[PDB]
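**Q** pasting the sequence and an experimental structure:
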Amino acid sequence: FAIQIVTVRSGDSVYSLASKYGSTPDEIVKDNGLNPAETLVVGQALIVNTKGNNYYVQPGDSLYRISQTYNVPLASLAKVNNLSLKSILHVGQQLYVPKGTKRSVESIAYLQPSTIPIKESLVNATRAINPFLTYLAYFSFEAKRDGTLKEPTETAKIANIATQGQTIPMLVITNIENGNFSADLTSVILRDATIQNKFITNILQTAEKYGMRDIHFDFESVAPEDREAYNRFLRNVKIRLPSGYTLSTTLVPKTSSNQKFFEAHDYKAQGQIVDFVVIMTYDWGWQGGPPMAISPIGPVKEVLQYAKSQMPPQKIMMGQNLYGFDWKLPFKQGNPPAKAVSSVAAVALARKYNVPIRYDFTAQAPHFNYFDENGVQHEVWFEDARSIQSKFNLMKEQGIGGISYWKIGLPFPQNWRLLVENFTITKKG
């Protein structure tokens with residue numbers, strides 16, 4: 001009960017921060033996945049041991065936020081510090097924080113390799129993250145028009161990693177043909193009973209072969225005319241799954257019930273059938289658009305609220321990006337796509353180009369701008385400990401089931417440590 005988030009200020013080093021808070025440099029380096037030889041960046045968010053039941057106020061904090069973060073009732077936190085519920089805080093102010101009570105969470109992470117065989121670095125990242133997971137989602141098995149599946153490479157290896165860590169490997173099935181989501185493919189599978197029957201049979205045999213106890217459909221770009229056929233397919237699978245198996249689906253983010261591309265993702269119908277959904281609450285800012293926060297918290301909250309109106313909250317898994325993007329400016333159609341960056345890589349750009357990391361308190365996201373060696377301006381939006389803590393607190397407020405991360409292979413050590421600090425991670429293995 002000792003870790004907190006600290007934002008780096010001018011002049012700070014791992015040595016000075018350890019001295020200030022009575023920690024060790026080695027601990028700060030390890031917890032934050034730092035290269036011990038590198039400088040800290042002003043505005044970088046670190047996790048630091050500031051002693052048990054002890055907290056130093058950060059920029060933008062409120063007693064409400066701190067109580068949400070540490071799972072302590074707000075009245076208790078206020079009382080034990082002789083403060084009012086809306087009391088004005090200042091940075092550096094010391095608070096006593098009682099031991100809170102952690103709620104359970106289910107966590108998912110997706111793995112999507114780009115090579116055959118899978119890169120060693122990616123297999124190592126999967127092993128590192130697996131202990132923090134309820135589910136591991138190897139993306140993907142591609143559905144075929146004859147009702148068979150294209151298996152991704154080294155499936156047995158990846159499933160075994162999951163199983164040995166009491167993580168459930170998901171059987172992730174997509175309607176991808178030649179690298180793109182295909183409405184024509186789902187029209188065949190959702191409309192022909194003979195093929196669909198063979199398909200479901202093959203899915204069950206594949207799941208049983210690899211110990212994949214959750215069957216997950218990521219069907220996208222489904223024709224609107226197939227909305228109810230997709231619902232019927234999901235009912236058909238659900239009815240035939242044996243005891244101990246579950247069913248899940250991917251949903252595009254929505255904030256209302258009529259808001260043609262969208263229609264086939266029927267929130268109400270799927271919510272009645274499946275065990276859980278993964279809602280893709282990310283890519284407001286995206287690779288092909290102008291620079292902005294990838295998953296701004298206001299719109300994400302709107303999507304979660306809409307989802308709760310359509311289905312039970314426990315069934316909802318909030319999608320969360322681990323990536324940010326580096327955009328070259330000015331944004332123009334025909335520009336190259338933005339470059340995806342890990343949290344660690346984003347900080348490394350700010351370090352290299354000597355700029356501080358800023359924080360947007362409305363979006364709840366870190367960002368910065370820099371000039372490269374050719375004089376081209378870049379803008380970066382990414383994820384760090386501050387914004388992930390805001391997202392965890394949103395999950396608590398909304399009472400939803402869990403969080404689903406896209407994707408393994410994007411270093412961000414603070415995310416995984418904060419996940420276990422905030423929640424009890426459910427293991428079903």
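**A** Looks like it arrived, so ask away. Residues are numbered from 1 along each chain as shown.

**Q** make it CA atoms for all contacts and neighbour counts henceforth
**A** OK.

**Q** secondary structure class of the residue at the greatest distance from the centre of the chain, three-state.
**A** The C-alpha centroid of the chain is most remote from residue 194, which lies 37.4 Å away (C-alpha atoms, centre = their mean). Assigned by DSSP: H, G, I helix; E, B strand; the rest coil, the conformation of residue 194 is helix.

**Q** ok, now the one 4 residues further on?
**A** When states are read from three-state DSSP, the local structure at residue 198 comes out as helix.

**Q** need the contact list for the residue farthest from the centre of the chain.
**A** Applying C-alpha atoms under 8 Å, 6 or more residues apart in numbering to residue 194 gives no contacts.

**Q** for residue 419, see how far away it is.
**A** 45 Å (C-alpha to C-alpha, to the nearest Å).

**Q** next one: residue 405
**A** Using C-alpha to C-alpha, we find residue 405 at a distance of 12 Å from residue 419.

**Q** looking at the two, which one has more neighbours?
**A** A side-by-side neighbour count of residue 405 and residue 419, using other C-alpha atoms under 10 Å, places residue 405 first with 22 against 18.

**Q** so which helix or strand takes in the more buried one?
**A** strand 402-406 (DSSP states H and E).

**Q** quick one: which helix or strand includes residue 232?
**A** Per DSSP H and E: residue 232 is located in helix 227-240.

**Q** quick one: buried residues of that helix?
**A** Within helix 227-240, the residues that qualify as buried are 227-235, 237-238, counting by 16 or more other C-alpha atoms under 10 Å.

**Q** and what of stretch 294-314?
**A** Those would be 294-297, 299-308, 310-314, for stretch 294-314 by 16+ other C-alpha under 10 Å.

**Q** so how far is that stretch from its chain's centroid?
**A** Averaging C-alpha positions (C-alpha atoms, centre = their mean, to the nearest Å) puts stretch 294-314 14 Å from its chain's average.

**Q** now do stretch 107-123
**A** That offset, for stretch 107-123, works out to 16 Å (C-alpha atoms, centre = their mean).

**Q** which outside residues touch that stretch?
**A** In contact with stretch 107-123 (C-alpha under 8 Å, 6+ apart) are residues 126, 132-140, 153-154, 402-409, 425-426.

**Q** re the thing from before, what's the next secondary structure element after the helix holding residue 232?
**A** Scanning forward in sequence from helix 227-240 by DSSP H and E, the next helix or strand is strand 246-251.

**Q** hey, C-alpha coordinates of stretch 119-129 in CSV?
**A** Extracted in CSV, the C-alpha atoms of stretch 119-129 (Å, rounded to 0.1, in the frame of the first residue of the first chain):
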residue,chain,number,x,y,z
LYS,A,119,9.6,-12.9,-32.9
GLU,A,120,11.4,-13.9,-29.8
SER,A,121,10.9,-10.5,-28.3
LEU,A,122,7.1,-10.9,-28.7
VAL,A,123,7.0,-14.3,-27.1
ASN,A,124,9.0,-12.9,-24.2
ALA,A,125,6.6,-10.0,-23.8
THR,A,126,3.7,-12.5,-23.8
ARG,A,127,5.3,-14.5,-21.0
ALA,A,128,6.0,-11.3,-19.0
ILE,A,129,2.4,-10.2,-19.3
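
**Q** mind listing the helices for the stretch 301-429 of the chain?
**A** Ranges of helices in the stretch 301-429 of the chain, per DSSP state H, counting those that start in this stretch, are 343-352, 385-398, 413-422.

**Q** nearest to residue 183, out of those helices?
**A** In terms of C-alpha to C-alpha, the element of the helices of the stretch 301-429 of the chain nearest to residue 183 is helix 385-398, at 32.9 Å.

**Q** ok, residue 28 touching residue 21?
**A** No - using C-alpha atoms under 8 Å, residue 28 makes no contact with residue 21, being 10.8 Å away.

**Q** these two: which has the busier surroundings?
**A** Ranked by neighbour count (other C-alpha under 10 Å), residue 28 and residue 21 place residue 28 first, with 21 against 13.

**Q** so for stretch 333-345, what gets flagged as buried?
**A** Using 16+ other C-alpha under 10 Å as the test for burial, stretch 333-345 gives 337-338, 340-345.

**Q** cool, stretch 240-248 as well?
**A** Within stretch 240-248, the residues scored as buried using 16+ other C-alpha under 10 Å are 241, 245-248.

**Q** nearest residue to residue 15 in space, please, no chain neighbours.
**A** With C-alpha to C-alpha, 6 or more residues apart in numbering as the criterion, residue 15 has its nearest non-adjacent residue at 5.4 Å, and that residue is residue 25.

**Q** got the contact list for stretch 174-184?
**A** 140-144, 185-186, 217-223.

**Q** what would those look like in CSV with distance to residue 66 and neighbour count?
**A** Output for those, formatted as CSV (distance: C-alpha to C-alpha, whole Å; neighbours: other C-alpha atoms under 10 Å):
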residue, distance to residue 66, neighbour count
140, 39, 26
141, 42, 22
142, 44, 20
143, 46, 23
144, 50, 19
185, 49, 19
186, 47, 25
217, 38, 23
218, 36, 21
219, 39, 23
220, 39, 21
221, 41, 18
222, 43, 23
223, 45, 19
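
**Q** those in strands, which ones?
**A** In this view, the contacts of stretch 174-184 that belong to strands under DSSP state E are 140-143, 217-218.

**Q** one step back: derive a ChimeraX selection command for the buried subset of the contacts of stretch 107-123.
**A** Selecting only the buried entries of the contacts of stretch 107-123 in ChimeraX, with 16+ other C-alpha under 10 Å as the criterion:
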select :126,132,133,134,135,136,137,138,139,140,153,402,403,404,405,406,407,408,409,425,426
